[PDB]
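Single-structure report; data block below.
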Amino acid sequence: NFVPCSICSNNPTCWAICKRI
Amino acid sequence: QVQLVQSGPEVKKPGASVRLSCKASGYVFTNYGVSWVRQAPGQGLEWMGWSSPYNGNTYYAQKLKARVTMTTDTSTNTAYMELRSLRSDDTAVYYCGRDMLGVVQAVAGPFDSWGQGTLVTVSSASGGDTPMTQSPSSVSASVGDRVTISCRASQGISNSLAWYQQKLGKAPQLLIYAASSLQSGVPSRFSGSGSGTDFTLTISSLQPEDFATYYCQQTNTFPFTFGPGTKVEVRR
């Protein structure tokens with residue numbers, strides 16, 4: 001599984017590691 | 001040695017677009033974020049957004065999201081920022097910066113290296129979820145004095161607080177990150193304290209090179225936001 005960028009909100013760590021779709 | 005070189009100055013009429021470039025050298029480009037901050041003449045610093053050379057992800061400040069695009073080219077180590085639908089209030093020096101090394105690859109954060117800035121002038125046609133404050137806005141001091149500047153975050157930011165020095169006509173320089181960690185190469189007379197909402201920068205014994213404007217910056221959540229600046233002036 002992976003972290004989708006659609007849920008990253010305002011979190012910079014999430015935005016650095018998420019996958020875009 | 002880390003270098004960011006930005007493209008030359010631009011003069012544009014309102015409604016036009018501009019594309020700026022920032023060439024990186026002296027480091028592994030894909031291990032660090034590249035971000036953009038602008039400064040209107042005589043005003044403070046405004047964070048525009050972040051880009052990852054590692055995976056192409058971006059985040060733009062909501063104020064600008066509709067009109068801005070940031071990209072990176074890892075074959076040429078070059079970052080790009082396009083700003084569209086220009087208006088008069090877009091006149092500013094635009095800086096690229098290297099987000100410092102973080103817990104995950106190329107994460108946004110304080111800038112440990114700055115480009116030299118690109119002036120974009122928009123020709124005349126007439127004539128921020130966590131706001132930050134600083135006190136005092138101006139203070140005068142003598143060489144040898146202790147100078148203490150306050151920063152306040154409108155919401156708790158834990159220790160995600162950086163301090164910068166900006167001398168007249170130059171890009172800012174990072175002094176303190178994580179509230180109290182002294183950046184490499186910065187003299188020990190600079191020290192930072194605080195956590196939560198109230199922070200301080202103190203200079204134990206002011207030196208002639210220390211007259212400058214000082215900015216705080218929260219990096220707890222996007223959009224990153226700067227305090228309005230404190231000018232430390234020579235006593236009249």
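Identifiers in the structure tokens: chain A, B, ... in order shown; residue index from 1 per chain; ligand index from 1 in order shown.
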Run DSSP on the backbone and give me the residues of range 201-231 of chain B it puts in strand (DSSP E or B), as a list in words.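 So, restricting range 201-231 of chain B to strand (DSSP E or B), we get residues 201, 202, 203, 212, 213, 214, 215, 216, 217, 218, 225, 226, 230 and 231 of chain B.
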Chain A contacts on chain B, only C-alpha atoms, 12 Å, as an MDAnalysis selection string: chainID B and resid 30:34 49:62 99 102:110 128:130 160 219:224
Contact residues around range 36-42 of chain B with only C-alpha atoms at 10 Å, ignoring same-chain residues under 6 positions, as a VMD selection string: chain B and resid 22 48 to 51 60 70 79 to 81 89 to 99 111 114 to 115 117 to 121 171 224
Generate a file of the selected residues that holds C-alpha atoms, formatted as a tab-separated table (two decimals), in the first residue's frame.
```
chain	number	residue	atom	x	y	z
B	22	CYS	CA	17.08	28.30	-10.80
B	48	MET	CA	4.93	30.63	-2.68
B	49	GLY	CA	5.27	26.86	-2.73
B	50	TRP	CA	7.46	23.76	-2.77
B	51	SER	CA	8.58	21.24	-5.38
B	60	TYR	CA	1.34	25.87	-3.85
B	70	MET	CA	6.67	24.71	-10.38
B	79	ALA	CA	14.05	24.28	-11.17
B	80	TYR	CA	11.40	26.42	-12.83
B	81	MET	CA	8.58	28.63	-11.60
B	89	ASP	CA	1.28	43.56	-6.85
B	90	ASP	CA	3.38	40.71	-8.30
B	91	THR	CA	6.36	43.09	-8.56
B	92	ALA	CA	8.94	41.51	-6.29
B	93	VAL	CA	12.28	39.79	-6.02
B	94	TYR	CA	11.62	36.07	-6.49
B	95	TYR	CA	13.97	33.66	-4.71
B	96	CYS	CA	14.49	29.97	-5.07
B	97	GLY	CA	15.84	28.10	-2.08
B	98	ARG	CA	17.04	24.66	-1.07
B	99	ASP	CA	14.90	23.09	1.61
B	111	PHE	CA	16.11	27.12	3.43
B	114	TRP	CA	19.19	30.78	-1.45
B	115	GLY	CA	19.44	31.89	-5.04
B	117	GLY	CA	16.92	36.49	-6.51
B	118	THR	CA	15.23	37.54	-9.74
B	119	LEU	CA	13.55	40.96	-9.89
B	120	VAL	CA	10.23	40.79	-11.76
B	121	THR	CA	8.84	44.27	-12.45
B	171	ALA	CA	19.03	37.10	0.08
B	224	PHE	CA	4.86	28.12	5.41
```
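When DSSP is run on the backbone, the residues of range 28-160 of chain B that fall into helix (DSSP H, G or I) are residues 29, 30, 31, 65, 66, 67, 88, 89 and 90 of chain B.
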So that I can see what lies close to residue 24 in chain B, please list as a PDB file with N, CA and C atoms, in the first residue's frame the residues with an atom at most 7 Å from it, counting only C-alpha atoms and leaving out residues fewer than 5 positions away in the same chain.
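And here's part_34.pdb as it stands now:
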```
ATOM      1  N   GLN B   3      25.366  26.005  -4.545  1.00  0.00           N
ATOM      2  CA  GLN B   3      25.070  27.219  -5.291  1.00  0.00           C
ATOM      3  C   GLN B   3      23.735  27.091  -6.004  1.00  0.00           C
ATOM      4  N   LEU B   4      22.930  28.146  -5.916  1.00  0.00           N
ATOM      5  CA  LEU B   4      21.703  28.287  -6.682  1.00  0.00           C
ATOM      6  C   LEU B   4      21.823  29.562  -7.502  1.00  0.00           C
ATOM      7  N   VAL B   5      21.735  29.447  -8.827  1.00  0.00           N
ATOM      8  CA  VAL B   5      21.852  30.602  -9.722  1.00  0.00           C
ATOM      9  C   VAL B   5      20.534  30.816 -10.454  1.00  0.00           C
ATOM     10  N   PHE B  29      20.995  16.978  -6.287  1.00  0.00           N
ATOM     11  CA  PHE B  29      19.788  17.771  -6.519  1.00  0.00           C
ATOM     12  C   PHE B  29      18.534  17.083  -5.999  1.00  0.00           C
ATOM     13  N   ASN B  77      19.572  19.779 -13.482  1.00  0.00           N
ATOM     14  CA  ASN B  77      19.600  20.339 -12.160  1.00  0.00           C
ATOM     15  C   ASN B  77      19.008  21.725 -12.114  1.00  0.00           C
ATOM     16  N   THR B  78      17.906  21.899 -12.801  1.00  0.00           N
ATOM     17  CA  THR B  78      17.259  23.207 -12.896  1.00  0.00           C
ATOM     18  C   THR B  78      15.814  23.135 -12.431  1.00  0.00           C
TER      19      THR B  78
END
```
Which value, in Å to one decimal, gives the distance between CA of residue 123 in chain B and CA of residue 19 in chain B?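 Result for CA of residue 123 in chain B versus CA of residue 19 in chain B: 16.6 Å, one decimal.
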Write out as a ChimeraX atom specification each polymer residue whose atoms come within 9 Å of range 197-204 of chain B, counting only C-alpha atoms; drop sequence neighbours fewer than 2 positions from it. /B:144-159,161,163,176,179-180,188-195,206-207,210,214,216
